[PDB]
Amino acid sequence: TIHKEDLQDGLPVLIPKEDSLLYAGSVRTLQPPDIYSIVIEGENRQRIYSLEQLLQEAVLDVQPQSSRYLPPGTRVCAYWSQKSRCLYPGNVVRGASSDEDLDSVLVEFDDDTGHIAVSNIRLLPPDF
């Protein structure tokens, strides 16, 4: 989904950590070819990535404009706890309360359904 061309300094991405959750950060290019670092919003020690690893693991960090851009079935991740900075994967759904709100959606998380502000949603590739 991320193309190598677009790996320039400051590109906003989401990356997985050892907890199988996503974290927002930005690409940092290094002088030697084929290596990058990721700077995570919040957290500390960075990790150096090959181009291959980055393309295989990271996705673009993209916040949808409104709930109209989030039809049911849309693959997403979301911030949950206001204290934590991990993002949890799920899919947008309609529920009983889907009964005009531009600014929030329902997300059936992989791990079960929550009511999420659109500003706390990030898009994922469909086959994530």
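Numbering starts at 1 and follows the sequence shown.
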Sequence continuity check, residue 43 and residue 44 (deposited residues unmodelled): 1 to 3
Chain break class for residue 99 to residue 100, judged by how many deposited residues have no coordinates: 1 to 3
Mean Cα B-factor comparison, 48-56 or 63-71, giving the higher one as deposited: 48-56
Mean Cα B-factor comparison, 30-38 or 86-94, giving the higher one as deposited: 30-38
Ranked against its chain, the third holding the CA B-factor of residue 10: lowest
Residue 113 CA temperature factor, ranked by third within the chain: highest
Residue 104 - Cα temperature factor, lowest/middle/highest third of chain: middle
Cα B factor band for residue 20 (lowest, middle or highest third within the chain): highest
